[PDB]
Amino acid sequence: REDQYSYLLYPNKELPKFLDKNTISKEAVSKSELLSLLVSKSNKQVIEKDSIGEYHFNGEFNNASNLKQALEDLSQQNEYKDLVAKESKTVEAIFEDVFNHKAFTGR
Amino acid sequence: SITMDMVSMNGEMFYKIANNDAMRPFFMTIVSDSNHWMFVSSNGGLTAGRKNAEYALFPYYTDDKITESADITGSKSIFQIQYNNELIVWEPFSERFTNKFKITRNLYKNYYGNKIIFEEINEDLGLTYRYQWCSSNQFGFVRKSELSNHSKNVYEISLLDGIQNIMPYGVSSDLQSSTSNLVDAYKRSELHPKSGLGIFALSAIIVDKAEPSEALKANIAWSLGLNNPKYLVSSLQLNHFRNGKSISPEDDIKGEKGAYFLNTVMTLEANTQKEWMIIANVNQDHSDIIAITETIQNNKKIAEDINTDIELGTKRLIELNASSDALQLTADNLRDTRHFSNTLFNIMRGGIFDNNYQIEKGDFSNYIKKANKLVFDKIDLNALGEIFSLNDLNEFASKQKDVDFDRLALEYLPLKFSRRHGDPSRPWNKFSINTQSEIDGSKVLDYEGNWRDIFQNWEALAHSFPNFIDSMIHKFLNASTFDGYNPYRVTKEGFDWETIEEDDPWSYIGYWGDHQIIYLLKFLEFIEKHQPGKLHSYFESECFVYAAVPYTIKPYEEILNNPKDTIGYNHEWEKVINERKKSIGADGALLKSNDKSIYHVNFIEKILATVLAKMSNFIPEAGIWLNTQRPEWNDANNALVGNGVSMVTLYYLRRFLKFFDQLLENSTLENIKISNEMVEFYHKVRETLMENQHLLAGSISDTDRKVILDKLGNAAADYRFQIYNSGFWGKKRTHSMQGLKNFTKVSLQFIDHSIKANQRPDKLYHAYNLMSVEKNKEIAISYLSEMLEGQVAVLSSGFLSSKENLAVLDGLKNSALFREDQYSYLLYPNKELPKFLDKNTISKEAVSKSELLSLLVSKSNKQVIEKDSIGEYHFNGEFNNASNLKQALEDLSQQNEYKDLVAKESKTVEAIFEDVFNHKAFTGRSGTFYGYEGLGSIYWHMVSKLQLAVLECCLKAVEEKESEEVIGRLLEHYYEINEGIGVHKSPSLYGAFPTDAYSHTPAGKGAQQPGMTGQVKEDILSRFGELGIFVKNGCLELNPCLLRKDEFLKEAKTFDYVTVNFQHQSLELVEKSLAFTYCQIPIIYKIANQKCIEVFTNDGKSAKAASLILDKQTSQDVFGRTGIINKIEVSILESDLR
Amino acid sequence: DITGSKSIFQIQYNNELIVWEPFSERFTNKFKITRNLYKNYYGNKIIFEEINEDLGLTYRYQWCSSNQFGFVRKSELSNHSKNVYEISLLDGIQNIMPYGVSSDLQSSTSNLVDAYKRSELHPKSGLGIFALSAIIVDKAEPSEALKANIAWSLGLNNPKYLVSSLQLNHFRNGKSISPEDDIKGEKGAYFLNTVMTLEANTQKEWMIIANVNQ
Ligand SMILES: OC[C@H]1O[C@@H](O[C@@H]2[C@@H](O)[C@H](O[C@@H]3[C@@H](O)[C@H](O[C@@H]4[C@@H](O)[C@H](O[C@@H]5[C@@H](O)[C@H](O[C@@H]6[C@@H](O)[C@H](O)O[C@H](CO)[C@H]6O)O[C@H](CO)[C@H]5O)O[C@H](CO)[C@H]4O)O[C@H](CO)[C@H]3O)O[C@H](CO)[C@H]2O)[C@H](O)[C@@H](O)[C@@H]1O
Ligand SMILES: [Cl-]
């Protein structure tokens, strides 16, 4: 670190700005029967479409456990039951692609 | 200097306090129709947010810290003004440039209480800066700014204006309170340059777990009205600007408190005004933010939409409040405004009905589902539409022939808008405004409240919605226990009771002694006035139940032995209730019998349950014994629990039993029907009183006192033991109505006798007494200070004559309860507490005549006693009470030198300790602090209870045609007590806006604790009394005898009201008239030469009569809110006005 | 601004009354000032200094520790001008805690605590006693507060005392104060007020001592 001519513990890095942390690609949504169904039915427990057509995970999620919890909540409805069991690993996988929590080492 | 005026600000009416900075800053709540909260000082310091403290826009701290934070938190404005060749810095509302300029500070709050304006006039520059806080359901908080140049000069101004110490989303109030510095390290404040929108978030939700914790919401701020501003998202550069320097734009700041500042340069021409606004919202996800950024860029009418949504807020507020008769127009706008705010605080705390008597099937059906799974499956609701009335539900219920459904239908109360009453000045109360659904933002029909708070609020509410009175009565009775008490909270679901903590020895439960009689009674009086004969129809109807609260009130001999250790938590009974709740629903918390999963009793049995409980604790000449591990109304005298005795409750029990006695006399029923188990209890109590009647010829001895209490208390103990252990069997027995009347008459004889033994020489009555058990054979009585609560109670009792009532009030006025500076009443005498150096001195004689203390002195031991350097003796400074002393004596006994002496002289040293501290006289913290209920403090709720009591005494004197001297002198008290409440006081004396209620005014400050005090319920009822709104024999009477001539308009005015059908409409009032609403029907009083009433109906007809009493049927058209009556005009004689 | 050291000087200059409040932000850029901070080599003493360049006055206070006596605040008001000033000073410490408040209660419920405060002056000594009317306790039983924090002073001739900050603002606005000996319901403070004539090239000294758990 130049200004103090000493050493950080690990690299400084740019963390994603607020509007850049939680965006699901258009392609990943339209190649998921579950997410597409939740979109067209206006269900916001897992996924939300903003007014410019970009897709986001529910703002209450801190990590995958909140996502799993939410998928359990959906499975106790008949409309979504078949699909939860079918596509849950997939939706968790998209969640991991967006947030990259496999790389988390701590605060 | 400090004046209050009605003023017009941008075409709306506000109260203006001029020079509000000459007042010590006072605390306010700004009300919303939606879920906004805002608690703000008159100096501009604030916390605000939506729903609760977990979604704070500005940090949630206590009111002192809020007031102290004005410089670093909230609104902040700095102007660099070019004047001659000089750069002049002006920072309105701050203390940064003390006496640099001649300034005037003004404060404004609107008639509805949902807008506040802060204004500073810089007299030297002829500039005025204003900002105003508004609420918007859609957009959040809106701060409207105006910079006005009323000089003849033209100024080049560089301004920096905004809000600071903005919370990021996702910080718990506990963490912000205790660890604000750590939170800073997770802050990231960003600007969206295309929009100018500020985003205030965390880099991660702060969590003790070692796992990812994404923060996917934010607080936001944005603005309109300024040309091409520079933005700050922090306060870092604030001081540079303050020192006349220019700032650099910021778009990404880490590790610092959020702020949102706009910087622009402008030329402010003479006699012109520049305007802008800042909008801030909480709890915003990515989609919420993008919608705002899009609206900023694309919606040319966004400012207009904000202003529209603000005005919709006011409109919805008016609809809520108007439905509970908030709207009045008299010559006195202060009283009008106070009635509006009184009503709002009442409905904010107790709730307001959704829509007249209308019910939605979806909500009703879910309610039944949660309540009783078996009723839900059995009862088919096809026959009701999606929306139906209370009368529809009643007609439906009568066809189902299921007493559980009858009960649940009748208890259903479609209340909304209620919330617990916490705030920074009541920080021990956790609040949450849960009025918009987490799902879709739609209305929520739900309520929860503490027993006495909510049933008090509902007494006032019921006046605007009378046909719900039955619902409220069933709710109250059915949530009462078999042993005659109740849980601490009621909810829509049912009720909650307090539980014990850990294995914590100082954690105990119980029952509050005042919760039953007076609050039930106000409802019974109400229904008997509006629907005579209706209570009679419940006498034999076994539709009532018993709340199963798992509290075990101990055997009588154990209570008598230690009346502070009287109620155990029954954990096994809790297991059974929890099982039943898994299996039935909320109805699992009701007592079963041996036959029936739910046990049903009639109204007579329920009245007996509560009355026998009280009579079983009756100590003749002393009152109702307090032995249930909770106090009554005054929590600050909680140490009276044990040996204290309530005359307060006895005065109300007199009123109650007098009412019940009249009720029975009017019955034609010959019999009653009660649980078999209750027969012995009932008979033993009745018999005890009957065979001791003869003692009432004189005073009752201490010996006889105990003979009576023993019989009464043993009888209750036997009953509860049986029910606790083998339950209700389910069989009932038939007894005589005549026996019940006899029980009531003799109970009244004892109560009356007791009241007559409780007058003081100064004509005040005792409130709370002390009892002690002497020689295992006697109960002795001693007395406490004059207490306002006792006077309120005896004046409400119905027992005294008008002359006697007056003598009480003359005494009260002449007593040490009267506080001169506020011309109102303390709860008990102010007194000098010993100064620090005078509290803990042991007499030289007591020391030298104690071998133990003398030995500890000469050996220089300081565990118990210490000698100062001037030879005076003191107890160890660590002692709080005798227990610390005993503990210390145990510590000394484990030494050989002191062992013999501890055993010998310990009772003696404990006795000297009691002589120094006089802890036998301790009643609670009331006598040992200087705010709230304590010394020199006016507790306004109790004053407003006095006012209502005195109003009732005035009506009695008028109705009984007492002399004009007696009536006049009672009115004198009425009007003076009313004035004391302080609606017409100057702001400097009141200490806030006099149109806003506060819980108390201490000796050395103005009004403290704004908003939701129970005071408001009382002042609503008093206002109705004053207006002459009386209901008797099912008939509405509009016939003022206490109303003053000067309330009538002196010029023409327009009354804007809301109909029962949500229509915003107008009536033109003329001089010599005024208007209010009752059951949301507009009522106009006009002065005329002859008495007359005119009822205008929706069919375009009107009907007149000389009589100011309406028939039953017309009255039920009023009470029923069917919209058949459009308005009512009452012609009043000048000579009947005061 | 509200807790700890606080000093306000009313200075007679010509026929005008000038208010100077060193270390505050109450009179921004009213005067050319220099603020200096000193800490000794051992790290057990700190000095706060403000030079008012316009008046040629310097005010210093220093925090020291004493095992016997508690905290010691040594004050020096130094006139390095060629002028002679009639000064009315108000100097002391504010938001003094009373003995017996837990740090958790003061942190979360500071407003409730105010209601139990009683601040007293011992007239013969000038010593301030800062206590509660009762130890604040959730139990329904008596709770005597038999200890106090204290403050006292040496070096000033016949001072008037405040035991609160109630009158602080009147003094700030150039008005004179009334002595206090018994204030209830308010944050404790200990202020000394005296009038003096500060000759050119002279220095006046005093100290305030405060201790806990007395
Ligand atoms: O500050 C310390 C000081 O405070 C004082 O309180 C002041 C407070 O009283 C004042 O409030 C005003 C309020 O009093 C006033 O009420 C009047 C009301 O008194 C009046 O009552 C009359 C009766 O007087 C009359 O009785 C007659 C009876 O006395 C005589 O013996 O026999 C007659 C028959 O033979 C009998 O008639 O009867 C008539 C009806 O027949 C009553 O009406 O009624 C008027 C209106 O009609 C009512 O106004 O109201 C004013 C506003 O309306 C209040 O302003 O406010 C002051 C602050 O501004 C307080 O200071 C205490 O009293 C002192 O003890 C304290 O030291
Ligand atoms: Cl709570």
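Labels below follow one simple rule: chain letters A, B, ... track the order of the sequence lines, proteins then strands, and each chain is numbered from 1. Counting starts at 1 for both ligands and their atoms, in listed order.
- Here the protein heavy atom with the shortest distance to atom 57 (C) of ligand 1 is B/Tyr823 CZ, 4.3 Å.
- Of the inter-residue distances, the one linking B/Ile977 atom CD1 with B/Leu946 atom CG reads 4.0 Å to the nearest 0.5 angstrom.
- Note on B/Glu786 versus B/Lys831: no salt bridge recorded, every NZ/NE/NH1/NH2 to OD/OE distance being 4.0 Å or above.
- Closest to atom 27 (C) of ligand 1, if we only count protein heavy atoms, is B/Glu972 OE2, 4.2 Å.
- Remark: B/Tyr488 OH to B/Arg630 CZ distance equals 10.0 Å, nearest 0.5 Å.
- Salt-bridge formation is detected for the pair B/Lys1045/B/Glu1134: a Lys NZ or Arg NE/NH1/NH2 atom is positioned less than 4.0 Å from an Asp or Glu carboxylate oxygen.
- For the pair B/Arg969 and B/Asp810, the salt-bridge criterion is met [side-chain N within less than 4.0 Å of a carboxylate O].
- If you check which protein heavy atom lies closest to atom 66 (C) of ligand 1, you get B/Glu820 OE1, 3.3 Å.
- Counting heavy atoms closer than 4.0 Å to ligand 1, residue B/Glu979 contributes side-chain atoms (C-beta onward) but none from N, CA, C or O.
- With hydrogens left out, the protein atom closest to atom 36 (C) of ligand 1 is B/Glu964 O, 3.7 Å, a heavy atom.
- Close contacts between ligand 1 and B/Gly968 involve ligand atoms 23 (C), 25 (C), 26 (O), 38 (O) [criterion: under 4.0 Å to a heavy atom].
- Among residues two or more places apart in sequence or in another chain, the side-chain hydrogen bond (donor to acceptor under 3.5 Å, both in side chains) test is passed with B/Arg1023 by B/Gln328, B/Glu1047.
- The shortest separation from a heavy atom of B/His984 to ligand 1 is not under 4.0 Å, leaving the residue out of contact.
- Looking at atom 35 (O) of ligand 1, its nearest protein heavy atom turns out to be B/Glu965 N, 4.3 Å.
- One finds a salt bridge joining B/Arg335 and B/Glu1026 here, because a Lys/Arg side-chain nitrogen approaches an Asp/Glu carboxylate oxygen to under 4.0 Å.
- Between B/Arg452 and B/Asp514 there is a salt bridge, since a side-chain N of the basic residue sits under 4.0 Å from a carboxylate O of the acidic one.
- In terms of protein heavy-atom proximity, atom 6 (O) of ligand 1 is closest to B/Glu976 OE1, 3.5 Å.
- Distance from atom 43 (O) of ligand 1 to its nearest protein heavy atom, with residue and atom name: B/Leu971 CD1, 4.3 Å.
- Less than 4.0 angstrom separates some heavy atom of B/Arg1044 from each of these atoms of ligand 1: 50 (O), 52 (C), 53 (O).
- Of all atoms in ligand 1, numbered sequentially from 1 with element shown, those under 4.0 Å from a heavy atom of B/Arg1138 are 40 (C), 41 (O), 47 (O).
- Shown here, atom 23 (C) of ligand 1 is in close reach of the protein: a heavy atom of it lies under 4.0 Å off.
- In terms of protein heavy atoms, atom 48 (C) of ligand 1 is closest to B/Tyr975 CD1, 3.7 Å.
- Legend: residues meeting side-chain hydrogen bond (donor to acceptor under 3.5 Å, both in side chains) with B/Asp5, ordered by chain and number and at least two apart, are absent.
- Remark: B/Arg819 engages B/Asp821 in a salt bridge, criterion side-chain N to carboxylate O under 4.0 Å.
- Residue-ligand proximity, B/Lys813 to ligand 1, at heavy-atom distances under 4.0 Å covers atoms 62 (C), 63 (O), 64 (C), 65 (O).
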